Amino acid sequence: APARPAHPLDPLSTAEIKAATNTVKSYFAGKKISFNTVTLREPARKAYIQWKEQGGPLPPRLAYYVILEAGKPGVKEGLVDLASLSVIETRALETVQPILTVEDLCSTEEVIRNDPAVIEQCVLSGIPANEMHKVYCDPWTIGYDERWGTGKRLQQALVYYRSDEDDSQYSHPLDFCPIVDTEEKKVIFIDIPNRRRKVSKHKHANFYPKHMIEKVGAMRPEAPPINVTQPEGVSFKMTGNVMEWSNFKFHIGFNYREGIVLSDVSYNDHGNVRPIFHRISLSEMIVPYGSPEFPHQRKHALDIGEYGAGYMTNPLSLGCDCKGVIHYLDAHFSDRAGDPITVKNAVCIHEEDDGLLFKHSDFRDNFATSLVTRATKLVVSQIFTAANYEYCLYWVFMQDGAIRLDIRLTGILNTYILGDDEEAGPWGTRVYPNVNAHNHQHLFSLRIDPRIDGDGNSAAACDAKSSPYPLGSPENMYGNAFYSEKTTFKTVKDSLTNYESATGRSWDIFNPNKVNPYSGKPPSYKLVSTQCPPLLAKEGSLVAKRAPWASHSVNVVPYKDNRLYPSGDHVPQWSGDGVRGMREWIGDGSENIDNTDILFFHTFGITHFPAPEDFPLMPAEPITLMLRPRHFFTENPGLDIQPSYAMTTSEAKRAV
């Protein structure tokens, strides 16, 4: 058997991955199979908490796998018990398609380059037959196409042209879209537009220094350096994947799909170790485009479920992506042959200055009486690339007990061709000659499994409201009275709520079994999040059906094991019809979510109307949300941090 990990939540080691794939190959001996997913099946919540806190049973070390078999539709999935090297659960799912791996993305170009029908379309588009090596494609999942459903595993090849291998191809989209059978390695159809548009004759819009020297004359001189050093080391302590920093303790996990997973998060409140979250991660995304023209409706990538924030994660360059003293973690997956693959330096962990934590000075002695304390933050980060997109993901822990998720969007706009006389509006922007960058949203589903000060939690919407009593009434004489209206969610239906600017809505996750001895309110973490776009796609649309979670800013459902992925376990080519994922978890909306084990799914993100500033490479666009302790502590938890400067009134006086 493979060696047991230091911790039940540790990801599978390369040894465990190989042990799992050998087990599966043996079980299916004599069959031609390939591996899609080999990943930790995390212990049940109850099982984990019982093990960690109650001296309970050691949970079994299990691997979940997804395989394909040549000549069979869909996938097979199951579980391997690593201790006994045995398959313990198995099922065939003939009507689903699974996540696309890096191997799957890389395979499509040589398929389309050698297909006679695609070659013909390139020639019609102005690219000679002997120049197919200049044709590239981003081979997205087809997403959903009602012509084929899930009956074949399909990609759509979004085609581009490079005049030179070092070009950025996105200035030169082609007009047609080949449909490729991933497993058969053949083009089965090409979507050809009614109005043909030949390849742009313009120079490529490039962005490397050699290109910029040509374009603008010279690079800026190297700026003088800003150096960051920690000569005495760091304040955080890692024991395997377990982090301890500024009273926080948590497990840093990682998988193919969600990327970073933070588990078993607690805060040591002066010797009282208080749980906050069992698990927090990003669980799905959708990036719906806003051009109604065919076939652009198929642009609505669910990046997490269709490609994977782990599979697509960047090896972080030392030390350019992350500045300062860094602790890195590697990621391990399976390739199609069942061999372990490694992404080196997939996660970076470091602490950074974060400005002021708090300050107060007394005007009475001209601010000579003063205390200032500087803040440090702990950052656990990754960057993943989904074809043209880069998503920089930063989980940030703060010394006031708050936890923040920061995202920076960069990379390149997805572009489609634009005729010389064609208007890009209202659905996109002409960002370069013959380049149409379509409108799109980026939406994310944050999954929180809370344990605020222990088990038995509830959630609520908090709305700022003026007093209902009118100006001039005894109750509100000067009309200034206002309060926070808390609406505790009793059943799932109550929780389906959106952000509201009219009330500056926040949401609480709280423990109704406990009371703050000062304020009389339950301990809570409050979700403060204002980048909460509505889902622009209509009710009943392909986008709304495939991403049921995205229609509301907040969805709260009962906890059950294996309620991770709110658009379903196998996302590509699902029509959005059926009771699975968030639609299944919501059910008829009647289940209790008050004082129980709950899951809080939050939809946040941005709506992107491209502009030329975004091209040929986009400056980082920020997205953030925060979870803040409110009524959790009885006072500012950071006051025992040594001030950077402190002078009392008496000290100020005796300094004469």
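Just count from 1 along the sequence shown to find any residue number. The term rigid core refers to the most C-alpha atoms you can superpose between the two forms while keeping them within 1.5 Å.
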*Any chance you could tell me whether 483-491 or 318-326 drifts more in 7 other deposited structures of this protein, judged by RMS CA distance from this form after superposing on the core?*
318-326
*With everything overlaid on the rigid core, name the stretch, 97-105 or 295-303, whose CA atoms wander farther on average in 7 other deposited structures of this protein.*
97-105
*Looking at the entry, does 425-433 or 225-233 show the higher mean C-alpha B-factor?*
225-233
*According to the deposited model, is the average Cα temperature factor higher in 115-123 or in 522-530?*
115-123
*asked:* For the CA B factor values reported in this entry, which option in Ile33, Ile598, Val66, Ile623 has the top one?
replied: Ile33
*Name the one of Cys106, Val543, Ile412, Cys462 with the greatest CA B-factor according to the PDB entry.*
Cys106
*asked:* For the chain shown, is the CA B-factor of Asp406 in the lowest, middle or highest third of its modelled residues?
replied: middle
_Splitting the chain's C-alpha B-factors into thirds, which one does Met647 fall into?_
highest
*Taking the entry's C-alpha B-factors for this chain, is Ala70 in the lowest, middle or highest third?*
highest
*Among all modelled residues of this chain, ranked by Cα B factor, put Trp549 in the bottom, middle or top third, i.e. lowest, middle or highest.*
lowest
*Using the B-factors in the PDB entry, rank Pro275's C-alpha atom against the chain and give the third, lowest, middle or highest.*
middle
